[PDB]
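Presented below, as structure tokens, is a lone chain in the form deposited in one PDB entry.
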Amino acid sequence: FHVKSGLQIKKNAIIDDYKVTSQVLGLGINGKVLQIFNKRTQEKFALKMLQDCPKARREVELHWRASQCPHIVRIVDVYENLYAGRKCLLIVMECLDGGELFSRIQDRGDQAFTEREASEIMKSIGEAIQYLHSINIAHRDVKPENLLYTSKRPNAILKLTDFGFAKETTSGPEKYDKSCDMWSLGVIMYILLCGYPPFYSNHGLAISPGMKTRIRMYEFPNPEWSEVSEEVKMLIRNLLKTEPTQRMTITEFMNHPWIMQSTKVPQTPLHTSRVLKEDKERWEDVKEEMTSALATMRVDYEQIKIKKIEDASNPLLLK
């Protein structure tokens, strides 16, 4: 391929390069993307603040090395500065003002979301994951808050952000990690096709979706209503959720007719806009629930650290 420059965390102050309002800087302590403007170009730009440290710097290394895909937001500058008393890892990103994916769909006069758009979109998102996954990165937080449009007007591009759980799928960790992305793709494509999450149960114990991956007990909408969703559209959204060992591969997904020969799939108008519009709250409810589902599925590692203190050989000494 093409050797590209390594990441170099600029150490100088950030405010002599971008107009961090040093006011506005304040709302960014919990990690909410704020806005800055480059000084000698006065350009756009986003800023996400993180507590500097290995585990914040690992993910920023990760996202940095995946700026490449046109389907991944672009990080333009990384700064390691001293803000207040702490040590801040300030990451400047290309700004995406086009919208949050479902926040676009949700609001349509009546344009109506059509299955082929549902497919075009799934190739987009599947593009990103197919990128990330070939360079051994597992994103593991692919959810609606993280899929944003670039511009606003037409021709807009869809890219994923927030790599704060992104991990290196390389050493069961190949499969398991990777599969939190496949599951998310099964969960997004179902809400995209129905307007509802695959979080309904009629059978037994209404085990939650997160826990459902550690097993126990997914059902689809009334065959007639909006379940107009092809039985080929049903198998793929089902293969993408089974978590066991017979889990799908992003190549498998991308090697799918519906995916690959997309923009040829029928333009079956769908109920997605209506549902998300009709209860803006149960949509917020759905969102929390996928966040949660994700947090309960992710498995992470950690080193063992034992405390040490000196052995008291003679409690009567000068010590």
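One-based numbering along the sequence shown. Definition used throughout: the rigid core is the maximal C-alpha set that superposes within 1.5 Å between two forms.
Just so you know, the form solved in complex with a small molecule exists too; it's not on screen, but the next bit is about it.
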query	finding
Heavy atom within 4.5 Å of the small molecule in the bound PDB entry - the one residue of 182, 148, 122, 142 that qualifies	148
Among the candidates 127, 227, 162, 77, the residue which, in the bound PDB entry, approaches the small molecule to within 4.5 Å (heavy atoms)	162
Answer range among 113 to 121, 92 to 100, 127 to 135, 235 to 243 for contact with the small molecule, defined in the bound PDB entry as heavy atoms within 4.5 Å	92 to 100
Close approach of residue 65 to the small molecule in the bound PDB entry, 4.5 Å, heavy atom	no
Non-hydrogen atom contact residue 73 with the small molecule in the bound PDB entry at 4.5 angstroms	yes
Touches the small molecule in the bound PDB entry: residue 27 (any heavy atom, 4.5 Å)	yes
Any non-hydrogen atom of residue 56 within 4.5 angstroms of the small molecule in the bound PDB entry	no
Rigid core superposition between this form and the one not shown: residue from 121, 72, 112, 93 with Cα shift of 2 Å or more	112
Core-aligned CA displacement of residue 198 at least 2 Å between this form and the one not shown	no
Core superposition between this form and the one not shown, C-alpha change of residue 140 at least 2 Å	no
Residue 26 C-alpha relocation of at least 2 Å between this form and the one not shown, rigid core basis	yes
In the bound PDB entry, shift in Cα separation for residue 237 relative to residue 72, 3 Å or more	farther
Closer or farther: C-alpha pair residue 121/residue 109 in the bound PDB entry, relative to this form, given a change of 3 Å or more	closer
